[PDB]
file data_17.json (JSON, C-alpha atoms and all ligand atoms)
[["chain", "number", "residue", "atom", "x", "y", "z"],
["A", 177, "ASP", "CA", -43.44, -192.05, 20.36],
["A", 178, "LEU", "CA", -44.01, -189.04, 18.10],
["A", 179, "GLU", "CA", -42.11, -186.90, 20.63],
["A", 180, "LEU", "CA", -38.90, -188.92, 20.24],
["A", 181, "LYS", "CA", -37.89, -186.90, 17.18],
["A", 182, "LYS", "CA", -39.77, -183.83, 18.54],
["A", 183, "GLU", "CA", -42.28, -183.87, 15.70],
["A", 184, "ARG", "CA", -44.09, -180.58, 15.07],
["A", 185, "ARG", "CA", -45.77, -181.41, 11.75],
["A", 186, "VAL", "CA", -48.47, -184.08, 11.38],
["A", 187, "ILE", "CA", -50.50, -185.00, 8.29],
["A", 188, "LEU", "CA", -53.77, -186.80, 9.07],
["A", 189, "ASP", "CA", -55.11, -188.95, 6.23],
["A", 190, "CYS", "CA", -58.38, -190.36, 7.57],
["A", 191, "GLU", "CA", -62.07, -190.35, 6.70],
["A", 192, "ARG", "CA", -64.86, -188.28, 8.30],
["A", 193, "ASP", "CA", -64.99, -190.49, 11.42],
["A", 194, "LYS", "CA", -61.35, -191.05, 12.41],
["A", 195, "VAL", "CA", -60.34, -187.39, 11.93],
["A", 196, "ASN", "CA", -62.79, -186.36, 14.68],
["A", 197, "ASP", "CA", -61.46, -189.07, 17.01],
["A", 198, "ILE", "CA", -57.81, -188.12, 16.43],
["A", 199, "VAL", "CA", -58.61, -184.41, 16.93],
["A", 200, "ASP", "CA", -60.47, -185.24, 20.17],
["A", 201, "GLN", "CA", -57.52, -187.26, 21.45],
["A", 202, "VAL", "CA", -55.11, -184.45, 20.49],
["A", 203, "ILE", "CA", -57.27, -181.98, 22.44],
["A", 204, "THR", "CA", -57.45, -184.42, 25.37],
["A", 205, "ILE", "CA", -53.66, -184.84, 25.52],
["A", 206, "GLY", "CA", -53.21, -181.14, 24.72],
["A", 207, "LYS", "CA", -51.30, -180.82, 21.44],
["A", 208, "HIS", "CA", -53.15, -178.00, 19.67],
["A", 209, "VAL", "CA", -51.32, -174.95, 21.06],
["A", 210, "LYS", "CA", -49.32, -172.63, 18.80],
["A", 211, "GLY", "CA", -46.11, -174.32, 17.67],
["A", 212, "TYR", "CA", -47.77, -177.33, 16.06],
["A", 213, "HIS", "CA", -49.15, -177.71, 12.54],
["A", 214, "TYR", "CA", -51.73, -180.14, 11.16],
["A", 215, "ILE", "CA", -53.11, -180.97, 7.71],
["A", 216, "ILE", "CA", -56.45, -182.77, 7.41],
["A", 217, "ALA", "CA", -55.78, -184.73, 4.20],
["A", 218, "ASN", "CA", -59.24, -185.12, 2.69],
["A", 219, "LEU", "CA", -61.63, -183.37, 0.33],
["A", 220, "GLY", "CA", -64.23, -182.57, 2.99],
["A", 221, "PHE", "CA", -62.12, -180.30, 5.20],
["A", 222, "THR", "CA", -65.16, -178.61, 6.77],
["A", 223, "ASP", "CA", -67.02, -181.91, 7.24],
["A", 224, "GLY", "CA", -65.35, -182.59, 10.57],
["A", 225, "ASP", "CA", -65.74, -180.44, 13.66],
["B", 177, "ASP", "CA", -56.81, -160.15, 29.54],
["B", 178, "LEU", "CA", -55.16, -162.72, 31.83],
["B", 179, "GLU", "CA", -52.23, -162.88, 29.39],
["B", 180, "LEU", "CA", -51.38, -159.19, 29.87],
["B", 181, "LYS", "CA", -49.37, -159.94, 33.01],
["B", 182, "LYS", "CA", -48.49, -163.43, 31.65],
["B", 183, "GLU", "CA", -50.44, -165.20, 34.38],
["B", 184, "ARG", "CA", -49.41, -168.82, 34.91],
["B", 185, "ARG", "CA", -51.28, -169.56, 38.15],
["B", 186, "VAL", "CA", -55.08, -169.50, 38.44],
["B", 187, "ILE", "CA", -57.27, -170.32, 41.46],
["B", 188, "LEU", "CA", -60.83, -171.32, 40.53],
["B", 189, "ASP", "CA", -63.40, -170.79, 43.30],
["B", 190, "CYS", "CA", -66.65, -172.06, 41.80],
["B", 191, "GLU", "CA", -69.30, -174.68, 42.53],
["B", 192, "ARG", "CA", -69.75, -178.09, 40.89],
["B", 193, "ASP", "CA", -71.27, -176.57, 37.72],
["B", 194, "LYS", "CA", -69.07, -173.59, 36.84],
["B", 195, "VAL", "CA", -65.79, -175.49, 37.41],
["B", 196, "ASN", "CA", -66.71, -177.91, 34.60],
["B", 197, "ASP", "CA", -67.57, -175.01, 32.27],
["B", 198, "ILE", "CA", -64.34, -173.13, 33.01],
["B", 199, "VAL", "CA", -62.28, -176.32, 32.54],
["B", 200, "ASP", "CA", -64.07, -176.99, 29.22],
["B", 201, "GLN", "CA", -63.33, -173.47, 28.01],
["B", 202, "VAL", "CA", -59.68, -173.78, 29.12],
["B", 203, "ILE", "CA", -59.41, -177.02, 27.13],
["B", 204, "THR", "CA", -61.14, -175.38, 24.15],
["B", 205, "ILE", "CA", -58.74, -172.42, 24.12],
["B", 206, "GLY", "CA", -55.84, -174.71, 25.03],
["B", 207, "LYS", "CA", -54.42, -173.64, 28.40],
["B", 208, "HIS", "CA", -53.81, -176.96, 30.16],
["B", 209, "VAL", "CA", -50.31, -177.80, 28.88],
["B", 210, "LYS", "CA", -47.30, -178.05, 31.20],
["B", 211, "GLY", "CA", -46.41, -174.59, 32.48],
["B", 212, "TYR", "CA", -49.81, -173.57, 33.89],
["B", 213, "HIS", "CA", -51.09, -174.28, 37.39],
["B", 214, "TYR", "CA", -54.65, -174.57, 38.66],
["B", 215, "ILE", "CA", -56.32, -174.97, 42.06],
["B", 216, "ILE", "CA", -59.96, -176.07, 42.16],
["B", 217, "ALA", "CA", -61.02, -174.25, 45.35],
["B", 218, "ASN", "CA", -63.78, -176.46, 46.72],
["B", 219, "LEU", "CA", -64.30, -179.41, 49.03],
["B", 220, "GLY", "CA", -65.46, -181.77, 46.27],
["B", 221, "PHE", "CA", -62.30, -181.84, 44.15],
["B", 222, "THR", "CA", -63.19, -185.17, 42.52],
["B", 223, "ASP", "CA", -66.82, -184.17, 41.96],
["B", 224, "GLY", "CA", -66.03, -182.47, 38.66],
["B", 225, "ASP", "CA", -64.68, -184.22, 35.59],
["C", 1, "LIG", "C1", -48.37, -172.01, 10.92],
["C", 1, "LIG", "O1", -47.66, -173.22, 11.02],
["C", 1, "LIG", "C2", -46.36, -173.14, 10.42],
["C", 1, "LIG", "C3", -45.65, -174.43, 10.74],
["C", 1, "LIG", "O2", -45.32, -174.51, 12.12],
["C", 1, "LIG", "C4", -45.58, -171.90, 10.88],
["C", 1, "LIG", "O3", -45.35, -171.03, 9.77],
["C", 1, "LIG", "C5", -44.18, -170.22, 10.03],
["C", 1, "LIG", "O4", -44.53, -168.83, 10.08],
["C", 1, "LIG", "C6", -43.42, -167.94, 10.29],
["C", 1, "LIG", "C7", -44.00, -166.55, 10.43],
["C", 1, "LIG", "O5", -44.48, -166.06, 9.19],
["C", 1, "LIG", "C8", -42.43, -168.05, 9.14],
["C", 1, "LIG", "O6", -41.34, -167.17, 9.37],
["C", 1, "LIG", "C9", -41.93, -169.49, 9.01],
["C", 1, "LIG", "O7", -41.12, -169.62, 7.86],
["C", 1, "LIG", "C10", -43.12, -170.47, 8.92],
["C", 1, "LIG", "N1", -42.71, -171.87, 8.69],
["C", 1, "LIG", "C11", -42.07, -172.80, 9.45],
["C", 1, "LIG", "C12", -41.61, -172.44, 10.85],
["C", 1, "LIG", "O8", -41.86, -173.92, 8.99],
["C", 1, "LIG", "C13", -46.25, -171.13, 12.03],
["C", 1, "LIG", "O9", -45.94, -171.76, 13.26],
["C", 1, "LIG", "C14", -47.78, -170.99, 11.90],
["C", 1, "LIG", "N2", -48.18, -169.61, 11.62],
["C", 1, "LIG", "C15", -47.93, -168.91, 10.50],
["C", 1, "LIG", "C16", -48.45, -167.50, 10.49],
["C", 1, "LIG", "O10", -47.32, -169.37, 9.53],
["C", 2, "LIG", "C1", -45.53, -179.60, 38.31],
["C", 2, "LIG", "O1", -44.83, -180.29, 39.32],
["C", 2, "LIG", "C2", -43.45, -179.90, 39.37],
["C", 2, "LIG", "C3", -42.76, -180.85, 40.32],
["C", 2, "LIG", "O2", -43.61, -181.17, 41.42],
["C", 2, "LIG", "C4", -43.31, -178.43, 39.77],
["C", 2, "LIG", "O3", -41.95, -178.11, 39.47],
["C", 2, "LIG", "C5", -41.28, -177.20, 40.35],
["C", 2, "LIG", "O4", -40.27, -176.51, 39.61],
["C", 2, "LIG", "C6", -39.45, -175.63, 40.39],
["C", 2, "LIG", "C7", -38.62, -174.83, 39.41],
["C", 2, "LIG", "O5", -37.74, -175.67, 38.67],
["C", 2, "LIG", "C8", -38.60, -176.47, 41.35],
["C", 2, "LIG", "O6", -38.62, -175.87, 42.64],
["C", 2, "LIG", "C9", -39.11, -177.90, 41.43],
["C", 2, "LIG", "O7", -38.68, -178.63, 40.29],
["C", 2, "LIG", "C10", -40.64, -177.95, 41.53],
["C", 2, "LIG", "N1", -41.09, -177.41, 42.80],
["C", 2, "LIG", "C11", -41.53, -178.15, 43.83],
["C", 2, "LIG", "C12", -41.56, -179.64, 43.64],
["C", 2, "LIG", "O8", -41.90, -177.62, 44.88],
["C", 2, "LIG", "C13", -44.21, -177.49, 38.96],
["C", 2, "LIG", "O9", -44.37, -176.25, 39.63],
["C", 2, "LIG", "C14", -45.61, -178.10, 38.69],
["C", 2, "LIG", "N2", -46.46, -177.24, 37.84],
["C", 2, "LIG", "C15", -46.39, -176.84, 36.53],
["C", 2, "LIG", "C16", -45.27, -177.36, 35.64],
["C", 2, "LIG", "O10", -47.24, -176.09, 36.08]]
call {"tool": "encode", "arguments": {"input": "data_17.json", "output": "structure tokens", "more": "lines below"}}
Ligand SMILES: *[C@@H]1O[C@H](CO)[C@@H](O[C@@H]2O[C@H](CO)[C@@H](O)[C@H](O)[C@H]2NC(C)=O)[C@H](O)[C@H]1NC(C)=O
Ligand SMILES: *[C@@H]1O[C@H](CO)[C@@H](O[C@@H]2O[C@H](CO)[C@@H](O)[C@H](O)[C@H]2NC(C)=O)[C@H](O)[C@H]1NC(C)=O
result
Amino acid sequence: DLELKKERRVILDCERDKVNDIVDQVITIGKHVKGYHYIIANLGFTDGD
Amino acid sequence: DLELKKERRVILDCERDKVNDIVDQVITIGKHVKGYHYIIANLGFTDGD
């Protein structure tokens, strides 16, 4: 559904557990190549993997 | 080095252990989007993940 408007820019506002799950599902579906842009909206940016 | 000739088509001839490692490194560097082609050259195609 996020490809209906051809979205290139995603802001993730989750805690230290859901950020890892969303990143793992992005890597599984393959949406981390150059052309995309993500912002992990938290204070512990290096707390995730 | 495989992006010097802009290679789109890779044939992997490895056993049941190295195929999983090469696929994991392809997923880590992000080369499994639409546009690339792969052939797992073995008899146990469904033996890997
Ligand atoms: C980082 O992600 C952003 C968003 O996709 C992109 O930044 C663009 O970088 C180019 C090259 O300097 C600029 O000309 C554009 O103005 C930037 N903003 C856009 C397209 O909104 C780019 O894809 C990524 N890389 C860099 C180096 O910025
Ligand atoms: C994914 O599968 C498609 C369809 O099976 C392949 O697309 C080929 O594209 C060429 C060039 O447009 C056309 O001859 C046909 O649309 C397809 N060829 C066939 C069916 O023999 C594509 O090569 C595959 N691999 C990718 C995208 O990496």
call {"tool": "residues_near_ligand", "arguments": {"input": "data_17.json", "ligand": "ligand LIG 2 (chain C)", "cutoff": "10 Å", "atoms": "all atoms listed in the file", "output": "PyMOL selection string"}}
result
chain B and resi 184-185+208-214
call {"tool": "write_last_selection", "arguments": {"input": "data_17.json", "atoms": "C-alpha atoms", "output": "short mmCIF file (atom, residue, chain, number, x, y, z; two decimals), keeping the file's coordinate frame"}}
result
data_model
loop_
_atom_site.label_atom_id
_atom_site.label_comp_id
_atom_site.auth_asym_id
_atom_site.auth_seq_id
_atom_site.Cartn_x
_atom_site.Cartn_y
_atom_site.Cartn_z
CA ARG B 184 -49.41 -168.82 34.91
CA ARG B 185 -51.28 -169.56 38.15
CA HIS B 208 -53.81 -176.96 30.16
CA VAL B 209 -50.31 -177.80 28.88
CA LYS B 210 -47.30 -178.05 31.20
CA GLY B 211 -46.41 -174.59 32.48
CA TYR B 212 -49.81 -173.57 33.89
CA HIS B 213 -51.09 -174.28 37.39
CA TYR B 214 -54.65 -174.57 38.66
#
call {"tool": "interface_residues", "arguments": {"input": "data_17.json", "of": "chain A", "to": "chain B", "cutoff": "12 Å", "atoms": "all atoms listed in the file", "output": "list in words"}}
result
residues 199, 200, 201, 202, 203, 204, 205, 206, 207, 208, 209 and 210 of chain A
call {"tool": "residues_around", "arguments": {"input": "data_17.json", "residues": "residue A:196", "least_positions_apart": "3", "cutoff": "12 Å", "atoms": "all atoms listed in the file", "output": "list in words"}}
result
residues 188, 189, 190, 191, 192, 193, 199, 200, 201, 202, 203, 216, 221, 222, 223, 224 and 225 of chain A
call {"tool": "closest_residue", "arguments": {"input": "data_17.json", "among": "A:198, A:220, A:215, A:180", "to": "ligand LIG 1 (chain C)", "atoms": "all atoms listed in the file"}}
result
A:215
call {"tool": "atom_distance", "arguments": {"input": "data_17.json", "atom1": "atom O4 of ligand LIG 1 (chain C)", "atom2": "atom CA of residue A:179"}}
result
21.1 Å
call {"tool": "atom_distance", "arguments": {"input": "data_17.json", "atom1": "atom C8 of ligand LIG 1 (chain C)", "atom2": "atom CA of residue A:181"}}
result
21.0 Å
call {"tool": "closest_residue", "arguments": {"input": "data_17.json", "among": "A:218, A:197, A:183, A:178", "to": "ligand LIG 1 (chain C)", "atoms": "only C-alpha atoms and all ligand atoms"}}
result
A:183
call {"tool": "axis_aligned_box", "arguments": {"input": "data_17.json", "around": "stretch 187-193 of chain B", "padding_each_side": "8 Å", "output": "AutoDock Vina command-line options"}}
result
--center_x -64.3 --center_y -174.2 --center_z 40.5 --size_x 30.0 --size_y 23.8 --size_z 21.6
call {"tool": "atom_distance", "arguments": {"input": "data_17.json", "atom1": "atom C15 of ligand LIG 1 (chain C)", "atom2": "atom CA of residue A:182"}}
result
18.8 Å
call {"tool": "build_atoms", "arguments": {"input": "data_17.json", "residues": "stretch 193-219 of chain A", "atoms": "N, CA and C atoms", "output": "PDB file, in the coordinates of the input"}}
result
ATOM      1  N   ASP A 193     -64.778-189.981  10.073  1.00  0.00           N
ATOM      2  CA  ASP A 193     -64.990-190.490  11.420  1.00  0.00           C
ATOM      3  C   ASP A 193     -63.712-190.545  12.248  1.00  0.00           C
ATOM      4  N   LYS A 194     -62.582-190.906  11.639  1.00  0.00           N
ATOM      5  CA  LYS A 194     -61.350-191.050  12.410  1.00  0.00           C
ATOM      6  C   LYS A 194     -60.661-189.711  12.634  1.00  0.00           C
ATOM      7  N   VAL A 195     -60.909-188.729  11.760  1.00  0.00           N
ATOM      8  CA  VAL A 195     -60.340-187.390  11.930  1.00  0.00           C
ATOM      9  C   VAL A 195     -60.874-186.749  13.211  1.00  0.00           C
ATOM     10  N   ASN A 196     -62.179-186.901  13.463  1.00  0.00           N
ATOM     11  CA  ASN A 196     -62.790-186.360  14.680  1.00  0.00           C
ATOM     12  C   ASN A 196     -62.233-187.031  15.928  1.00  0.00           C
ATOM     13  N   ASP A 197     -61.991-188.344  15.860  1.00  0.00           N
ATOM     14  CA  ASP A 197     -61.460-189.070  17.010  1.00  0.00           C
ATOM     15  C   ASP A 197     -60.014-188.674  17.295  1.00  0.00           C
ATOM     16  N   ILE A 198     -59.203-188.521  16.244  1.00  0.00           N
ATOM     17  CA  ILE A 198     -57.810-188.120  16.430  1.00  0.00           C
ATOM     18  C   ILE A 198     -57.721-186.687  16.945  1.00  0.00           C
ATOM     19  N   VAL A 199     -58.580-185.792  16.441  1.00  0.00           N
ATOM     20  CA  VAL A 199     -58.610-184.410  16.930  1.00  0.00           C
ATOM     21  C   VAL A 199     -59.055-184.364  18.393  1.00  0.00           C
ATOM     22  N   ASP A 200     -60.040-185.191  18.770  1.00  0.00           N
ATOM     23  CA  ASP A 200     -60.470-185.240  20.170  1.00  0.00           C
ATOM     24  C   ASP A 200     -59.378-185.779  21.080  1.00  0.00           C
ATOM     25  N   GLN A 201     -58.600-186.756  20.612  1.00  0.00           N
ATOM     26  CA  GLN A 201     -57.520-187.260  21.450  1.00  0.00           C
ATOM     27  C   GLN A 201     -56.345-186.282  21.519  1.00  0.00           C
ATOM     28  N   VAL A 202     -56.114-185.507  20.453  1.00  0.00           N
ATOM     29  CA  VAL A 202     -55.110-184.450  20.490  1.00  0.00           C
ATOM     30  C   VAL A 202     -55.502-183.365  21.486  1.00  0.00           C
ATOM     31  N   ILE A 203     -56.780-182.985  21.493  1.00  0.00           N
ATOM     32  CA  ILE A 203     -57.270-181.980  22.440  1.00  0.00           C
ATOM     33  C   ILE A 203     -57.235-182.519  23.866  1.00  0.00           C
ATOM     34  N   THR A 204     -57.513-183.815  24.043  1.00  0.00           N
ATOM     35  CA  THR A 204     -57.450-184.420  25.370  1.00  0.00           C
ATOM     36  C   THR A 204     -56.023-184.457  25.904  1.00  0.00           C
ATOM     37  N   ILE A 205     -55.056-184.851  25.068  1.00  0.00           N
ATOM     38  CA  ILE A 205     -53.660-184.840  25.520  1.00  0.00           C
ATOM     39  C   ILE A 205     -53.020-183.470  25.399  1.00  0.00           C
ATOM     40  N   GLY A 206     -53.686-182.512  24.756  1.00  0.00           N
ATOM     41  CA  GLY A 206     -53.210-181.140  24.720  1.00  0.00           C
ATOM     42  C   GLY A 206     -52.061-180.889  23.769  1.00  0.00           C
ATOM     43  N   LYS A 207     -52.300-181.079  22.475  1.00  0.00           N
ATOM     44  CA  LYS A 207     -51.300-180.820  21.440  1.00  0.00           C
ATOM     45  C   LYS A 207     -51.900-179.993  20.309  1.00  0.00           C
ATOM     46  N   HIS A 208     -52.607-178.920  20.664  1.00  0.00           N
ATOM     47  CA  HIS A 208     -53.150-178.000  19.670  1.00  0.00           C
ATOM     48  C   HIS A 208     -52.835-176.548  20.002  1.00  0.00           C
ATOM     49  N   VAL A 209     -51.782-176.302  20.777  1.00  0.00           N
ATOM     50  CA  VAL A 209     -51.320-174.950  21.060  1.00  0.00           C
ATOM     51  C   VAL A 209     -50.466-174.474  19.894  1.00  0.00           C
ATOM     52  N   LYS A 210     -50.131-173.184  19.880  1.00  0.00           N
ATOM     53  CA  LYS A 210     -49.320-172.630  18.800  1.00  0.00           C
ATOM     54  C   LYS A 210     -47.896-173.173  18.876  1.00  0.00           C
ATOM     55  N   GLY A 211     -47.401-173.656  17.741  1.00  0.00           N
ATOM     56  CA  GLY A 211     -46.110-174.320  17.670  1.00  0.00           C
ATOM     57  C   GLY A 211     -46.227-175.626  16.925  1.00  0.00           C
ATOM     58  N   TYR A 212     -47.455-176.113  16.793  1.00  0.00           N
ATOM     59  CA  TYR A 212     -47.770-177.330  16.060  1.00  0.00           C
ATOM     60  C   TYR A 212     -48.412-176.961  14.731  1.00  0.00           C
ATOM     61  N   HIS A 213     -48.577-177.953  13.857  1.00  0.00           N
ATOM     62  CA  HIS A 213     -49.150-177.710  12.540  1.00  0.00           C
ATOM     63  C   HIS A 213     -49.748-179.012  12.031  1.00  0.00           C
ATOM     64  N   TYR A 214     -50.998-178.955  11.585  1.00  0.00           N
ATOM     65  CA  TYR A 214     -51.730-180.140  11.160  1.00  0.00           C
ATOM     66  C   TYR A 214     -52.307-179.908   9.770  1.00  0.00           C
ATOM     67  N   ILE A 215     -52.461-180.995   9.019  1.00  0.00           N
ATOM     68  CA  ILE A 215     -53.110-180.970   7.710  1.00  0.00           C
ATOM     69  C   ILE A 215     -54.115-182.110   7.668  1.00  0.00           C
ATOM     70  N   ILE A 216     -55.396-181.769   7.561  1.00  0.00           N
ATOM     71  CA  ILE A 216     -56.450-182.770   7.410  1.00  0.00           C
ATOM     72  C   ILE A 216     -56.498-183.153   5.930  1.00  0.00           C
ATOM     73  N   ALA A 217     -55.941-184.318   5.596  1.00  0.00           N
ATOM     74  CA  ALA A 217     -55.780-184.730   4.200  1.00  0.00           C
ATOM     75  C   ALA A 217     -57.053-185.431   3.724  1.00  0.00           C
ATOM     76  N   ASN A 218     -58.016-184.621   3.296  1.00  0.00           N
ATOM     77  CA  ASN A 218     -59.240-185.120   2.690  1.00  0.00           C
ATOM     78  C   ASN A 218     -59.804-184.049   1.767  1.00  0.00           C
ATOM     79  N   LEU A 219     -60.942-184.354   1.152  1.00  0.00           N
ATOM     80  CA  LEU A 219     -61.630-183.370   0.330  1.00  0.00           C
ATOM     81  C   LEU A 219     -62.677-182.598   1.120  1.00  0.00           C
TER      82      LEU A 219
END
